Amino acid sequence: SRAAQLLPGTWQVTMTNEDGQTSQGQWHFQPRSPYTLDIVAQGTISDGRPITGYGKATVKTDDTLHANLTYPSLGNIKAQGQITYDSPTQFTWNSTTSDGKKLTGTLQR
């Protein structure tokens, strides 16, 4: 998977959520196997809430992975979504939180 092959390391993450907030931060990827990478998440939401999270991305196809994250700094809510390749330096994030809220964003280098 080319997508999985590009992901190792640090990406700048920006998101918007359903409540009209934005977040800025990073996702750090660590490959674990040919199909899997671990994630650690750090950032801030526009209302001041700090983001501390972690999770795992699993290869689905050449350009798509499914990722589950959990966020101890956000009352342990979770997020499940797809990481899709856009370019060697950009991925897109489309997910739903465990509160049923839509949460999308981008990964950039």
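One rule holds for the numbers: they count along the sequence shown, beginning at 1.
Enquirer: Going by the average Cα B-factor in the PDB entry, point out whether 21-29 or 97-105 comes out higher.
Expert: So the stretch with the higher mean C-alpha B-factor is 97-105.
Enquirer: Looking at the C-alpha B-factor of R49, is it in the lowest, middle or highest third of its chain?
Expert: For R49, whose C-alpha B-factor we compare with every modelled residue in the chain, the answer is the lowest third.
Enquirer: What third of its chain, lowest, middle or highest, does the C-alpha temperature factor of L7 fall into?
Expert: CA B-factor rank for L7: lowest third.
Enquirer: Looking at the C-alpha B-factor of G81, is it in the lowest, middle or highest third of its chain?
Expert: According to the entry, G81 has a C-alpha B-factor in the chain's middle third.
Enquirer: Among all modelled residues of this chain, ranked by Cα B factor, put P34 in the bottom, middle or top third, i.e. lowest, middle or highest.
Expert: Highest third, going by the recorded CA B-factors of the chain.
Enquirer: Mind checking which third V59 falls in for C-alpha B-factor across the chain?
Expert: CA B-factor rank for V59: highest third.
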